[PDB]
Ligand SMILES: C[S@@+](CC[C@H](N)C(=O)[O-])C[C@H]1O[C@@H](n2cnc3c(N)ncnc32)[C@H](O)[C@@H]1O
Ligand SMILES: [Zn+2]
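Protein chains in written order, with the UniProt record's numbering: chain A, 16 to 244, 251 to 326; chain B, 2 to 198, 203 to 248, 258 to 381, 395 to 435; chain C, 726 to 773, 851 to 976, 987 to 1000; chain D, 13 to 119; chain E, 195 to 229, 290 to 327.
Right, dumping it as C-alpha cells:
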C-alpha cells in the first residue's frame, strides 16, 4: 500500500520552509534559508542552487515543464529564476510581504498573495500589474490553482476564508466558510492551507484546529472530515496517489506524528511516525509515486506505493 | 472550464453582446483566427508579421516569422489543427508555411507559389487546401511522409470543365464527413469534391445559384447549414444533405435593404448554427450583425465599434468575436461579461431583484459517505463542448527568455 | 574558502545593487517567518424590476470607511438615482425579533430600513447592492420614498456631483468611524 | 406577427398608415418609397419613447403619477441631446430649469 | 566535457556554420536568370537577414551567461 524508500538529508541545520517536487516526478527543490537544493532521484546526485533573495524564503514554485523556479520572500521580492540561466524577472509589486504562490497551468501567470488584503497578478513577459483582488480580511497563506485546468483560484487566509476567486477578470465567485464575524466570538477557526485535488473538483483544507476536510466547492458544503485522534503552525497538506483504489491524504502535526486518512471511507490504516520525532513539520509535496516531506529541520523522506 | 460553473445563477448566453477588450496593434491586420481553445489568437498582420496573442492579458507570447519563413508580403488566411499544435498560413508572398509551435519561431515546410493566394483550409492537420489565384482547380498541398513532396493535387476531374465558371476561389471542408470538400467557383457554380485521402475525386455536386464572385462558403459545425456569400448583396444559407450524394435547398436570404452593402465575412454559431453573423463592407457600417437563422430577422447588432470590420472569428469556449477594424488596424473584441456577485461574500446571501413579501412562519418567535472519485477529469462543461481533450499548450519561449529584458 | 569569497562579491556589493526594494513605511518585519508569530492586530497599512433600467454602474469594493462600501464608477450628476433599495418586506413585530436574533449570535449590522412605520426592508440574507453604503454624517445621498404602482420602493438619489470612484455616503437619521472632523462623534 | 396594420408587421406603436398618407398629401417629393414611412414611424416612436421615458422619470421624483408640462421641460432641458434637438423651442406653461448663477450665491 | 554550456555553443555556432553553410547559397539563388514582383527575394538578403546580422547582439548574450556563471563558483 505504502512503504518507506530512502532518506538522504540530515535533520539539523538552517531554516527549512518548503519542499517541492516538479510535477515531472524527478526534480526536487528544497527551500532552505535563502538556498535551494536539487536532488535528482534517478541517479541520486545533489545540486545546490542559490538565488538573489535576501530573507527567509516562503514561496517556492515549480514549472509544469521544469524549466523555471519562482520564489518569493518578504522584502517585497517577486522573483522568477531559471534552472540554469539565472534570475529572469523581478516584479516587486506588493506593498505587503508574500507567503505562497502558484502557477497558471499554461505557465504564463505566476499568481501572487499580498498580506494587506489584496491579491494581484503578474505576467512574465509583460511584467505589469494585471489585476487586483482586494477581497480579504487577513493575511493570505496559500492560493492553489488546480492541477488540470487553470480556471479558478481558491484562496486561503488567516481569518477563516475558504474563498474562491476568478482568474479571467478577478472577482469573488464562492466562499465556503464565514469570516471573523457571523458569530464574532472566536467561533470561526483560522485556515492554514487550501488545496485542490487532481481533477480540481474537490477542494482540501487544513485549519488551525488541525482538522482536515474535503470540500465540494460546487454544492456549498463538505463531504468529508478528518480529525486527529490546536496547532501553532502553517503546515502543509498533500494527497498522495497510489495506483490502486484509494488515494490517502496527508498533513503534518505539531510534531512528527503523520497519520494518513482513507478518503473513500473514513478510516485510518497507515501512519508514518517513525521519522521527524523532534522536528515540527511545515511542507509536503509529491510526485507520481515519490512523496517528500520537510520540517523546521530538513528531513526529506521519500516513499513508494 | 470552471469559471462558468460558478459565474451565473445558471443562465449563460449564446452570443456576446458587449465589447470589452481592444488589442492595440498599430500595424494593421488581415485575418484573426483563434486557437481551437480560447487561449491563443493568431493575427494575420498586414506587413507580413504574425503577432500571436495570449487571450488573458492582451500582450503577446511569440511571433511566427523570426527564424525561418517570415512573410515578406501580406498574410491572407490561417487555420489551426485539431489540437492547436500547428498553424497553416497562407500569404501574399507566394508562400504557405506550415508552422509548429514546438519550435515557435521556425517554419517546417514551405512552397514557392506561382502567384499570390486568397485563403487556406485544413482537413487534417497536415493537408491543407489553398486557393491559388487565377486557377480553376485547387492545388491542395499535403505534407507527406517526406515534407518536400507537396503533391499539387488538382481538385478537378480530368474531363470536367468549369469553363464559364471562372476560377475556384473558396474551398471549405466538411465537418462531419471530413472527406467531401465544398468549393465555389468565381462565377456562380458550386462543386463538391470527395477526396479519398489515393487521389480519386468525384464531382458529386455541381450547380449554379446566381452569377457572382463567391467570396466565402461556410458550413455550420453540425454539417446541416451552409451559407454562401456572393459578390452581390445577398447571403444564401442552404441546408446540406450528405449521406457521396449531395443536394441543397434554399433556406433564407439576408440582405441590407437600406444601404445595400456587401458582406465581407460570415460566421455561424457553435452547435447547429442557430445564429449567423456578418460584417458589411461600406463605410458608416460600424457594426457586426446577427440573424436568427430560422426566422430570418435582424435580431441583434454588435454596436461597439467605430470603423469598418473586415474579418471575424467566433471561438465557442470564450464566446468572443475578434475582428480587425480595417481602417485603424486594431482588433476589436467582444466578450460575454459576467457582473460581480456579493452573494459569494458569505455562504448565504441572496440577490433578489424585488422587495419580496415573505410570509410569516411560526419559527420567528421560537428560541456523510457519498461516493468520492479523484481520478477522472471533467467531461462536459456548462456550454457542452468537446472538453476532456487536454489541448496542446503553446510553450513559451524557453530558449531566450533570459534575453527578454535586453533588446527584444 | 576560495570559492565563497569570490562568490562573496557576487552577494556583498551586488546585494547592495539589487536589494533596492524598499517601498513601504518600513514596518516591524524583523521577526522571522519560521517563528510564525500570529500578530492578530487590526493594523491597516493599505490606503483606506421596474426600476432596474434606471440605475448607475457603481461597484462594491473594500471601503475607505468600513468593511465594505460602494464605489461610483462614473461621474454622477446632481439628482440621479444611484440604486433602488431592494430586500425583504417584514413588519415591526417580526423585525423586532430579528433585530436582536442576529445580534444574539452577534452579526453586528443594522440591515433593516423603514418605508412606513409598520414595515421594514430587511437586507441581512436577501437584498440589493444598495445596502452596502455606510454612514457618514455629511450626506452625499438621501433616500426619498416614491411609490411605483401601489407599493413603495425606496430609491437612493444623490445630493452632489459624485465623481469616479468617489465613495458614497448616507445619513441614517434614527461612533462616527468615517474619519471626518465636521461631524458628530457618534451615530446618534 | 400579424398581416393587417403595417405597424404591427413592423412592430411599432406609431401608425405607418398615417405617415404614408402624410408623405403624399404633404407634397414632400414626387414618389415616396415603401420603406420610407416605416423608417420614419420608427424614429418618431423612438423620440417619443425617449422623451416619455425621461418625462415620467422626473414625474417619479416629483412623486406625482401623471405628467404635467413642467415635467416635460425638466426632461428636455436636463438632457443634452434633447436640448440640442429642442434648442429653439418653448414648451408652453413649462417653467425654466432651476439654476442661479453662483456669483450671486452668498458667502 | 562541459555538457551545460556546449549545447549553447553548438547552437550559437549553428548560426555561424549550420545556418552558414546552407543559407550562404541563397545569394547564388539569385543567379538563375542572370547575374520585381517576380523574384522579390533581393531585399531579404538584408531584411530577413537583418535579424541574422542582429543575431550577433544576442548569440554572444547567450554566450556570456557562463561568463557570469563560471565566475559565480
Ligand atoms: C446600515 S449597516 C451599513 C452597511 C454595512 N456597513 C455593510 O457594508 O455591509 C450599519 C453598519 O455600518 C457601520 N456604521 C454605522 N455608522 C457608521 C459610521 N458613522 N461610520 C462608519 N461605519 C458606520 C456599523 O458598523 C454597522 O455595522
Ligand atoms: Zn465622519
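Ideal Cβ placement from N, Cα and C applies to all residues, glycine included.
1) Measure from the alpha carbon of residue 745 of chain C to the alpha carbon of each residue in A/64, A/85 and A/91, then state which is nearest.
2) Should the stretch 101–111 of chain A be called in touch with the stretch 418–435 of chain B, which here means at least 3 C-beta pairs below 8 angstroms?
3) What span of residues does the alpha helix (DSSP H) with residue 125 of chain B cover, start to end?
4) Could you tell me if the beta carbon of residue 913 of chain C falls within a distance shorter than 7 angstroms of some heavy atom in ligand 1?
5) Can you find a heavy atom of ligand 2 that lies under 7 angstroms from the Cβ of residue 992 of chain C?
6) What is the residue span of the beta strand (DSSP E) that residue 105 of chain A lies within?
7) Around the C-beta of residue 773 of chain C, are 16 or more other C-beta atoms found within 10 angstroms, so that it is buried, or is it exposed?
8) Please report the residue range of the beta strand (DSSP E) in which residue 269 of chain A lies.
9) Just the Cα atoms here: how many angstroms apart are residue 308 of chain E and residue 286 of chain B?
10) Based on Cα-Cα distance, which residue from C/863, C/753 and C/871 lies nearest to residue 770 of chain C?
11) Determine, using beta carbons only, whether residue 63 of chain A and residue 50 of chain A come nearer to each other than 8 angstroms.
12) Can you give me the C-alpha to C-alpha distance between residue 42 of chain B and residue 64 of chain B, rounded to a whole angstrom?
13) In this structure, does DSSP put residue 47 of chain B in helix, strand or coil?
14) For residue 329 of chain B, list the residues DSSP reports as bridge partners.
15) Taking 8 angstroms as the cut-off, does the stretch 98–113 of chain B touch the stretch 132–139 of chain B (at least 3 CB pairs, one atom from each stretch)?
16) Using the C-alpha atoms, what's the distance from residue 890 of chain C back to residue 927 of chain C?
17) Check the Cβ of residue 948 of chain C against every Cβ in chain D and list those closer than 8 angstroms, keeping chain order.
18) If I'm right that residue 165 of chain A touches residue 121 of chain A with Cβ under 8 angstroms, what's the distance once you round it to whole angstroms?
19) I'd like to know whether the C-beta atoms of residue 277 of chain A and residue 296 of chain A end up nearer to each other than 8 angstroms.
20) State the Cα-Cα distance for the pair residue 727 of chain C and residue 46 of chain A, rounded to the nearest angstrom.
21) Given that residue 69 of chain D touches chain C, what residues does it touch there, using C-beta distances under 8 angstroms?
22) Looking only at DSSP bridge pairs, what is residue 237 of chain A linked to?
23) Check whether the stretch 369–377 of chain B and the stretch 889–907 of chain C touch, using three or more Cβ-Cβ pairs below 8 angstroms as the test.
24) Start and end of the beta strand (DSSP E) containing residue 219 of chain A?
25) Counting beta carbon pairs with one atom in the stretch 342–362 of chain B and one in the stretch 173–193 of chain A, are three or more of them shorter than 8 angstroms?
26) Could you name the residues of the same chain whose beta carbon sits closer than 6 angstroms to that of residue 886 of chain C, not counting the 5 residues immediately before and after it, in chain order?
27) Cβ of residue 224 of chain B within 8 angstroms of Cβ of residue 234 of chain B?
28) Assign residue 197 of chain B to one of two classes, buried (16 or more other C-beta atoms within 10 Å of its C-beta) or exposed (fewer than that).
29) In the DSSP assignment, find the unbroken beta strand (DSSP E) run with residue 878 of chain C in it and report its ends.
30) For residue 298 of chain B, name the three-state secondary structure that DSSP assigns.
31) Please go through the stretch 890–946 of chain C and give each complete alpha helix (DSSP H) segment of 4 or more residues, from N-terminal end onward.
32) Shorter than 7 angstroms, the distance from the beta carbon of residue 943 of chain C to the closest heavy atom of ligand 2, or not?
33) Can you give me the start and stop residues for the alpha helix (DSSP H) that residue 83 of chain D sits inside?
34) Between residue 1000 of chain C and ligand 1, is the CB less than 7 angstroms from at least one heavy atom?
35) Measure the alpha-carbon distance for residue 321 of chain E versus residue 210 of chain E and round it to whole angstroms.
36) Measuring alpha carbon to alpha carbon, tell me which of B/82, B/330 and B/105 ends up nearest residue 61 of chain B.
Taking the definition as stated:
1) A/91
2) yes
3) Boundaries for residue 125 of chain B: no alpha helix (DSSP H) harbours it, and the DSSP string shows neither H nor E there.
4) For ligand 1, at least one heavy atom lies less than 7 angstroms from the Cβ of residue 913 of chain C.
5) yes
6) Start and end: 102–105.
7) exposed
8) Note, residue 269 of chain A: premise wrong, no beta strand (DSSP E); not H, not E.
9) 51 angstroms
10) C/753
11) yes
12) 12 angstroms
13) coil
14) Its beta-bridge partners are B/334.
15) no
16) 9 angstroms
17) 72, 73 and 75
18) So it is a contact: roughly 6 angstroms between Cβ atoms.
19) Result yes, Cβ atoms of residue 277 of chain A and residue 296 of chain A sit closer than 8 angstroms.
20) 25 angstroms
21) Close to residue 69 of chain D, with beta-carbon spacing below 8 angstroms, are these residues of chain C in chain order: 856.
22) A/230
23) yes
24) 217–222
25) yes
26) 853, 955 and 957
27) No, Cβ-Cβ distance for residue 224 of chain B and residue 234 of chain B is not below 8 angstroms.
28) exposed
29) Where residue 878 of chain C is concerned, there is no enclosing beta strand (DSSP E), given that its DSSP letter is neither H nor E.
30) coil
31) 894–907, all fully within the stretch 890–946 of chain C.
32) no
33) 81–88
34) no
35) 20 angstroms
36) B/105
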